[PDB]
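# Structural characterization, general
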Amino acid sequence: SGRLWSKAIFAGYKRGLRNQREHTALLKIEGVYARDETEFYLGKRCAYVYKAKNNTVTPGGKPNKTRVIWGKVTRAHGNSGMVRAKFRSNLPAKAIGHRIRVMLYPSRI
Amino acid sequence: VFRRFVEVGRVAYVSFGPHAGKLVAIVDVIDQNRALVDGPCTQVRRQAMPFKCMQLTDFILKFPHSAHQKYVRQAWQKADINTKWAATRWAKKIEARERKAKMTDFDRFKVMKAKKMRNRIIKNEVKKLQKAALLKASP
Amino acid sequence: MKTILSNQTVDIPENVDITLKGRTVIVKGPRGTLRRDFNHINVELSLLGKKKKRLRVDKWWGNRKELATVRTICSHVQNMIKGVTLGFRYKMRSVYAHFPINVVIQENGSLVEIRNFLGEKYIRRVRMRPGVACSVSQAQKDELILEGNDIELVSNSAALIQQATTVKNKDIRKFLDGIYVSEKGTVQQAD
Amino acid sequence: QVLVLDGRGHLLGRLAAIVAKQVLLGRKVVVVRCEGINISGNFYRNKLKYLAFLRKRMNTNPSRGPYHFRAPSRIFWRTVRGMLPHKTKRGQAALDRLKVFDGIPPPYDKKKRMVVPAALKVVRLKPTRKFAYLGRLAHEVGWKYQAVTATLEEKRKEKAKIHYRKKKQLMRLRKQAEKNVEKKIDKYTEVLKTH
RNA sequence: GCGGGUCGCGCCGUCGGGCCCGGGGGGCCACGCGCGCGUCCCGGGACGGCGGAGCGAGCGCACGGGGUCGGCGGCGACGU
RNA sequence: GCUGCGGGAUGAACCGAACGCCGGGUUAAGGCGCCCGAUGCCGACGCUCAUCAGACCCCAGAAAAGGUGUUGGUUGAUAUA
RNA sequence: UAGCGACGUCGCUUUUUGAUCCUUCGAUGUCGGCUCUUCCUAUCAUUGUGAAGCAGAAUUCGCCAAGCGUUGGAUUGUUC
RNA sequence: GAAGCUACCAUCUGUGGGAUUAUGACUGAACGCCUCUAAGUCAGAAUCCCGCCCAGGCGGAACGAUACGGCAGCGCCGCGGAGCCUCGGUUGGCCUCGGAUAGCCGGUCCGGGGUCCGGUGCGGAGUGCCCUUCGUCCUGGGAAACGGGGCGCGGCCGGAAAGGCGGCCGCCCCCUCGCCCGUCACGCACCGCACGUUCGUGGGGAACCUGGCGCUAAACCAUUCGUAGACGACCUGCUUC
Ligand SMILES: [Mg+2]
Ligand SMILES: [Mg+2]
Ligand SMILES: [Mg+2]
Ligand SMILES: [Mg+2]
Ligand SMILES: [Mg+2]
Ligand SMILES: [Mg+2]
Ligand SMILES: [Mg+2]
Ligand SMILES: [Mg+2]
Ligand SMILES: [Mg+2]
Ligand SMILES: [Mg+2]
Ligand SMILES: [Mg+2]
Ligand SMILES: [Mg+2]
Ligand SMILES: [Mg+2]
Ligand SMILES: [Mg+2]
Ligand SMILES: [Mg+2]
Ligand SMILES: [Mg+2]
Ligand SMILES: [Mg+2]
Ligand SMILES: [Mg+2]
Ligand SMILES: [Mg+2]
């Protein structure tokens, strides 16, 4: 039992004012509020978790409604602890304001 | 009101900056917004720091106005600022905050077991005492 | 230029006994008690002296406007101490032309009712402040005396009377008619 | 999940900014006591600005055009509309996440209420500046419900005073209990590791 | 009485000329003793052609070396 | 004109900079309360309250004159008689 | 200096006229009147005020102020 | 010349509160005097806003009736058995007011004063609590007199703003491990790997068997009216006396 992943809210895309850059995402990640604080979270992995009415899985036991898009943290972004991220497939852009799991994958202690 | 105002020779804590956690003594006020501070024994070298940087406390000394490092050290050692500093609740709070930051997982495990045992003893004896208070106010 | 600690010195005499709970000042004396609220002024208030009752009013830093502010607290505490010992008395001789002015006190000293006012038919009912009494004085032609404790309330009442008696649509260099404040003083004389 | 924010002594634009950024990320925020929000500046200029805003209207059909809300909760809600991208179908979900209440509702009588420190009058305004009351402004301009809200606020403050004495009674009992003994087996470990 | 060039005096300086010369730890991509090739120096050092003289060979390697490969490993059917 | 692109909200001409299609990194002109990416710096120093404040080349409205509103500064005249 | 104010001087306005030709010449129906709605204020009257060389009256000059009024007719197609 | 429609060509009715501008003041410094201003206050209007008066929103209330006949049908309660869709969160907060040139906590006195603390907040939301709990058996030490769960039963009511959660008591079948320290041995050890744990016996719709409690309507049209109508819409009538 227990949650192993840290909580993070998808804030939007890397962008200028006019045009976006859809191959990269930004993540406001809770508990992190400084450029110095967002150094532990480099190299970690991120996963987006959602539902769909077809029934498709991975070795997690049995067929589920659940689908997951993977990716990983690249670098820090700004002073406010916000974190750039690159996924294998780009975001649906439905998930602005929906929680993306940041896992304790590549721990480097 | 305003129990603690600055002076020539009042000790001060440095909250934010390159000297977090280190006492200084105020030598003199330059102009309204910064002042010259100095630490003989708390390992901080004579320099000018702003007032919103520093945090005031309640111990004073007796300095000549703008004295040297020598006389600052003499009054420091003769007043015994360090031991008397560690023997206040303020430094106990700072010490506890540093220990809580420097915990580990096994420490948090022991903290949670002792926390459960204490809160259960509190819960039982509080329930018994307020039941006894009801039984006291019942006649 | 961001000065420092300007301080005003307010003596307090022996009869009155002062007590403050903050910037709210409460003064007790022989002629009732009194209080004001100095909340919006942000000035250090402190008193010193075992039964000598020295008050100091102290403001640090500030500006030139706030160094102007720090004397106003001193002056209002002075006026409250004058009031709670003595009380304020305003003597008003009514100046009338060919028409008389009749002035009655209608109920309990509070209401003042002015009549005949240059031959105007309109009865002029003026309501005074709470905490102030008014009487038509004796041994003098149409002198009206207002007595009270708070000088702001008493002088606001006197201003209400003299702006109740105001001549419209005429010269006001001729038609010099109204009820005007002639003398400011204390309740108990020789003090 | 729900950020229940107090409104006494906050500033309009600052609190609108912080609520507007937090509402786009998903944390459902509720602004309670909207009548006690202070507006910086002299309130004669504040009623002058809002009164000219009332003057701004369509001359061809006043039903279609600038709706001028008079209730203070709706004033704050329009201010947050002006800061969220509401014409997009992002900000419309954001405004549907945002709730606001003049007065205090019965869930929020008892739910604990946060206070934003970056928007306080005490932090922002140099003390010799003049401020406003949005309750004063709304009572001057068309919001006819001050006399009800004042009565309900007196009532709920009276109920909160009867709750606080009970809670302080419980804390007196538990510190009498901690003045009693046999908790000290654990407290050495606890003080070593931050009591 | 001042300046411009020359000459000679001592003192500077992890100075330069790999300087020099004889005596009384550290660095170096610097190696055939026998004796005989010319010079320089006080029998020895250094070079070009020769008197010594780079003996013997690539063996097995290791590779911050002409842009990466595993002689690494997992998980899933009758409806995905 | 024949020309997109990043800023100046909005633009032909402005300021950077010129274009094959892409992945990473850096910047320019500009900007960092929220729309809207970035100051969510325990930023440094002062000035100003406006009952019509002020807020950025081109630029999208203002002068002569006046203020014991405040803040500096210059030159004189007094004050230990 | 109540009210005006020359000699000079700095502005504002687009309700006069002028200058220009930027838009439309494969068409924007051109004067004035009738009716009808709304707005501005650089206020003629009314509300509230101040100043007069304001005794009263009647006036004149200012300020907040466009809420509400600002007509009936002879002539000329008229705006005037 | 009826009825009706109609006329400033007949008649009737048309209303108050608040903050404030201009201005006049008061107190009072700056500037030891003065001053309507610098902080404070007052009077103050055909303006402004609201009241009075019109229309009531993708605004919300309280209440009524809630589908026979011959099976039905449909509600509240307990369910269990399948099956489609929409998608998000992976411990929870159960609450003083108010101030910042001040405030919090503890205590004889007649809500106040005096007194004792604490304070860059530790009676601390940088903190608090069930909580880092994998379960079970064995077996001992501390803690433990309330249990603790509830199909519970029955009573009380606390809460008006947009209330259904919160608590007490008496009874009922069980737990004396409902938490810490210690002894002991197994449980799928699925043989390096993700979408795991959750508030979920989530939310909505179609139906299927089941026990118990109940219920047996109302619109709209057709018609009629005319206080109302272009058409709709609107006002109404239609008991066998
Ligand atoms: Mg006249
Ligand atoms: Mg061409
Ligand atoms: Mg070209
Ligand atoms: Mg170009
Ligand atoms: Mg562009
Ligand atoms: Mg622009
Ligand atoms: Mg464009
Ligand atoms: Mg790129
Ligand atoms: Mg730049
Ligand atoms: Mg942002
Ligand atoms: Mg000036
Ligand atoms: Mg042309
Ligand atoms: Mg033309
Ligand atoms: Mg055409
Ligand atoms: Mg045409
Ligand atoms: Mg046309
Ligand atoms: Mg009009
Ligand atoms: Mg009519
Ligand atoms: Mg005034």
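Within every chain, residues carry numbers counted from 1 in written sequence order, not necessarily those of the entry, while residues missing coordinates are excluded from display. For naming, the first written chain is A and the first written ligand is 1, with later ones following in the order written. Reported quantities concern only the chains on display, which constitute a fraction of a larger assembly. Note that the side-chain values use all heavy atoms of the structure and ignore hydrogens as well as water.

- cryo-EM is the method the PDB entry lists for this structure, together with a resolution of 3.4 Å.

- Within the PDB entry, the label attached to chain D reads 60S ribosomal protein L13a, and the organism entered is Homo sapiens.
- UniProt positions are given in the numbering used here, feature names are shortened, and annotations may be inferred rather than shown by experiment. According to its UniProt record, chain D has this under Sequence similarities: "Belongs to the universal ribosomal protein uL13 family."

- As recorded by the PDB entry, chain C carries the name 60S ribosomal protein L9 and is attributed to Homo sapiens.
- Note on chain C: under the UniProt heading Function (literature references left out), the record states "Component of the large ribosomal subunit. The ribosome is a large ribonucleoprotein complex responsible for the synthesis of proteins in the cell."
- Turning to chain C, the UniProt annotation filed under Sequence similarities states: "Belongs to the universal ribosomal protein uL6 family."

## Quick word on the protein's contact with RNA strand H
- If even one non-hydrogen atom of a residue comes within 4 Å of a molecule or strand, that residue is called near it. Near RNA strand H lie 100 residues; those nearest to it are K93(B), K131(B), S155(C), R113(D) and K144(D).
- A share of 64% is what sugar and phosphate atoms reach among the atoms of RNA strand H within 4 Å of the protein.
- It is helix α8 (residues 146-179) of chain D that provides the largest number of residues to the surface near RNA strand H, a total of 14 residues. Here a strand is any run of E in DSSP of at least two residues, a helix any run of H or I of at least four, and the numbering for each starts at the N terminus.

## Thoughts on the interface of chain D and chain B
- Here, residues are in contact when the closest pair of their heavy atoms is within 4.5 Å. Taken together, the contacts link 17 residues of chain D with 16 residues of chain B.
- Throughout, the accessible surface (probe 1.4 Å) given up by two parts as they are put together, summed over both, is called the buried area. Together chain D and chain B conceal approximately 1600 Å² of surface at their shared face, both sides included; 64% is due to carbon and sulfur atoms.
- The salt bridge definition used is simple: a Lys or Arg side-chain nitrogen within 4 Å of an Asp or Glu carboxyl oxygen. Counting the contacts that link chain D with chain B gives 2 salt bridges.
- In this structure, the salt-bridge partner of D107(B) is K193(D), at a minimum N-O distance of 3.3 Å.
- By the criterion applied in these results, polar contacts are pairs of N or O atoms within 3.5 Å in which, for protein atoms, one can donate a hydrogen and the other can accept it, and in which residues neighboring in sequence qualify only through two side-chain atoms. Seen at the junction of chain D and chain B, the total is 4 residue pairs in polar contact.
- Broken down by element, the residue count for the side of chain D that touches chain B peaks at 6 residues, all from helix α9 (residues 184-192) of chain D.

## Notes on the sheet that holds strand β10 (residues 124-127) of chain C
All names here are of chain C.
- Note: two strands are recorded as paired if DSSP finds a minimum of 2 bridges between them. Pairing within the open sheet is antiparallel, and its 3 strands lie in the order β8-β9-β10. Edge strands, defined here as strands with exactly one partner in the open sheet, are β8 (102-105) and β10. The average angle at which neighbouring strand axes cross in this sheet is 20 degrees, direction not considered. To get an axis, fit a line to the C-alpha atoms, keeping to the stretch in contact for a helix; angles then go from 0 to 180 degrees between the N-to-C directions.

## A word on the protein's contact with RNA strand F
- As a matter of local geometry, RNA strand F sits amid 33 residues, with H23(A), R75(A), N79(A), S80(A) and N33(B) nearest to it.
- In RNA strand F, atoms within 4 Å of the protein come from the sugar-phosphate backbone in 64% of cases.
- With respect to RNA strand F, the side chain of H77(A) contributes an N or O atom lying 3.4 Å from a sugar or linking oxygen.
- At 3.4 Å, a side-chain N or O of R129(D) approaches a base nitrogen of RNA strand F.
- Going through the elements one at a time, β1 (8-15), β2 (20-29), β4 (66-77) and β5 (82-87) of chain A together with α1 (12-23) and α2 (43-55) of chain D are the ones with two or more residues in the surface near RNA strand F.
- As a working rule, the residues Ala, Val, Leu, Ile, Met, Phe, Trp, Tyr, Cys and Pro are called nonpolar, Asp, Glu, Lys and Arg charged, and the rest polar, with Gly in that last group. Residue composition of the surface near RNA strand F, by class: 9 nonpolar, 10 polar and 14 charged.

## Some details on the pattern of salt bridges
- All chains considered together, the criterion is met by 25 salt bridges over all chains.
- Residue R35(C) pairs with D37(C) through a salt bridge whose shortest N-O separation is 3.6 Å.
- Overall, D37(C) belongs to the partly exposed group, its relative accessible area being 46%.
- Ionic pairing is found between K47(D) and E140(D), a salt bridge with its closest N-O pair at 2.4 Å. With a gap of 93 residues between them, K47(D) in helix α2 and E140(D) in helix α7 (residues 134-140) connect regions that are remote in the sequence.
- The buried label goes to any residue with under 20% of its type's maximum accessible area, the exposed label to any with over 50%, and the partly exposed label to all in between, with areas taken from a 1.4 Å probe on protein chains only. A residue is classified by how much of its surface remains accessible, and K47(D), at 18% relative accessible area, is buried.
- Linked by salt bridges that have partners in common, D6(D), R33(D), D109(D), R113(D), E153(D) and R156(D) make up one network.

## Overview of the layout of surface pockets
- Cavity means a closed set of points on a 1 Å grid over the protein atoms alone, one where a 1.4 Å probe fits but cannot get out, pocket means an open set with protein on both sides within 12 Å along at least 5 of 7 lines, and lining means a residue has an atom within 4 Å of a point. Grid points are joined across faces, edges and corners, and a volume is the space filled by probe spheres set on the points. When its volume is computed, the largest pocket comes out at roughly 1200 Å³.
- Taken together, 34 residues make up the lining of the largest pocket; nearest its centre are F2(B), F5(B), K59(C), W60(C) and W61(C).
- When contributions to the lining of the largest pocket are tallied by element, the ones reaching two or more residues are β2 (22-29) of chain B together with β5 (44-48) and β6 (54-59) of chain C.
- Taken together, the residues of the lining of the largest pocket sort by class into 16 nonpolar, 7 polar and 11 charged.

## Points about the side chain of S157(C)
All names here are of chain C.
- Summarising the element assignment, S157 is placed in helix α2 (residues 151-164).
- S157 sits in the buried class, given a relative accessible area of 1%.
- What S157 contacts, discounting residues up to four positions off in sequence, is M128, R129 and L146.

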